[PDB]
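Each protein sequence line maps, in turn, to chains D and F.
Mind the numbering: the first sequence is residues 212 to 251, 364 to 421 in the deposited numbering, read in order.
Mind the numbering: the second sequence is residues 74 to 378, 384 to 423 in the deposited numbering, read in order.
Note that the Cβ used here is the ideal one computed from N, Cα and C, for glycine as well.
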Amino acid sequence: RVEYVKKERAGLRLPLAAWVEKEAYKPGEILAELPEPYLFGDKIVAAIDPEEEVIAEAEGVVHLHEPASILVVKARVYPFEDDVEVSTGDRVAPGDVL
Amino acid sequence: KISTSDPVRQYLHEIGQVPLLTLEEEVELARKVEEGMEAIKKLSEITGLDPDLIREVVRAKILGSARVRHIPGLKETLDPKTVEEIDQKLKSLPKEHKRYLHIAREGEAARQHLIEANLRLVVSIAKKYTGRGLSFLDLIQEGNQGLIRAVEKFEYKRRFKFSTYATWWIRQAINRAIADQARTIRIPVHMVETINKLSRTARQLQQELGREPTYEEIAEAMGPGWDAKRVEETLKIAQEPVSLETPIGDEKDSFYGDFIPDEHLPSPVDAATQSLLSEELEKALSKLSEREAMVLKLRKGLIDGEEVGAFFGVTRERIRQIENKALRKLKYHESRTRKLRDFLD
């Protein structure tokens, strides 16, 4: 599990910057965000944002360091339902009994 | 072994392993704590459960099992069944409200985390309010309580960081503690500052006279309503008590409390008094008319110290009548057979 990211290139990261560049959270424009080769999940511009902020007006910010904290734990993405014992873990996406 | 070092090492070690970054970590945790609040409230909104209950159930699941609920708070929340029911409804909260549940817990977590990290802050502060009359550990502890207090009110929206905020909320907690627990006989915070002012003033007055100020100077230098009676009083309250058990006389084997006599206890002389007094008082009380003798015997000797309100139905004129005529016949025959004359007191 990594944490914050600056502005070398933004790709595959969480919902944080989504609202920043309104193209993807306002409308479906994250695909066109890839600039010029699209004519010839997250993928942002070539490298336009450099802060851990909220972009109404660049006000709620925090320019700093990016952690890489390795958690030694097992990560399950799509657990399924087996009712022998009480439903353990999770369902695909809807139900979360955990 | 010895207690200061162990705790110092204890939290200094954990800060050493986790100090909070200036901005990021404190911001992070802060944001999470607040969201917790907004979460818990929205939870109360949708559950109809008091935010106090929603707060205690997320606490149990993140801070401790049935063990922490049963011993600390005696027993109103069923150790298992109760808290669990509460967690079930939280689960039932669809995608929308379930979100707040998950946030609340993570928030609560952050909370404790921000609290751990800024413990060096307390100790650094608490370090200076040392020789006030409280143990360093006691001092750090109250200050700790103070930092927890801060956590509840910090608004991260207002850019200033927790450092400067904790300082105040801690310094307040400490000073209070110093004023409330430091002495054997409680003294309100006002009397405290008063005594500090009194002390400080005596200092500036020691400065030039070469004469430990008579309580004249102190009154003057202090201000508006200060007089000799006031300062002599304050410094009389300022002297802490003494030890009923202190090494006395030549320090060999002398314990201070054998010297103090006793007052309520009837020294033999008194027990003998009450015996004759009551037997003789009881002999007279019977040979009389009960009407106004018992009235005044009971009104005076049975409940509390009202001529009119002393006699039942018969008005004042029969009261004074028999009171003063029986009281004198009683006194004058007691003058004959002198038994009472020798003032039992």
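Query                                                                                                                      : Result
For residue 367(D), the three-state DSSP class (helix, strand or coil)                                                     : coil
Beta-bridge pairing of residue 389(F) - partner residues as DSSP gives them                                                : DSSP, once it has assigned bridges, lists no residue as partnering residue 389(F).
Partner residues on chain D for residue 96(F), Cβ-Cβ distance less than 7 Å                                                : 385 and 387
Continuous beta strand (DSSP E) stretch holding residue 383(D): start and end                                              : 381-383
Status (buried if at least 16 other CB within 10 Å, exposed otherwise) for residue 304(F)                                  : buried
Through-space distance from residue 349(F) to residue 414(F), alpha-carbon basis                                           : 18 Å
Closer than 8 Å at the beta carbon, the chain D residues around residue 100(F)                                             : 385
Sub-8 Å separation of residue 100(F) and residue 238(F) beta-carbons                                                       : no
Minimum C-alpha distance to residue 318(F) - residue among 249(F), 179(F) and 329(F)                                       : 329(F)
DSSP state of residue 235(F) mapped onto helix, strand, coil                                                               : helix
Outcome for residue 344(F) when other beta-carbon atoms lying within 10 angstroms are tallied against a minimum of 16      : exposed
Inter-stretch contact at 8 Å, needing at least 3 Cβ pairs: the stretch 243-262 of chain F / the stretch 274-291 of chain F : no
Three-way DSSP call (helix, strand, coil) for residue 283(F) in this model                                                 : coil
According to DSSP, residues forming a beta bridge with residue 391(D)                                                      : 213(D)
Cβ-based neighbour list, residue 367(D), same chain, cut-off 6 Å, excluding 5 preceding and 5 following                    : 221 and 244
Range of the contiguous alpha helix (DSSP H) that encloses residue 236(D)                                                  : 233-236
8 Å Cβ cutoff, residue 335(F) in contact with chain A                                                                      : No chain A appears in this structure, whose protein chains are D and F.
8 Å contact criterion, which residue 257(F) and residue 313(F) should meet: CB distance rounded                            : 7 Å
Residue 129(F) to residue 178(F) span [Cα, whole Å]                                                                        : 11 Å
Pick from 221(F), 311(F), 259(F) and 213(F) that is closest to residue 187(F), judged by C-alpha positions                 : 221(F)
Nearest-angstrom beta carbon gap, residue 366(F) and residue 358(F) [assumed within contact, 8 Å]                          : 6 Å
Within 8 Å, strictly: CB atoms of residue 240(F) and residue 198(F)                                                        : yes
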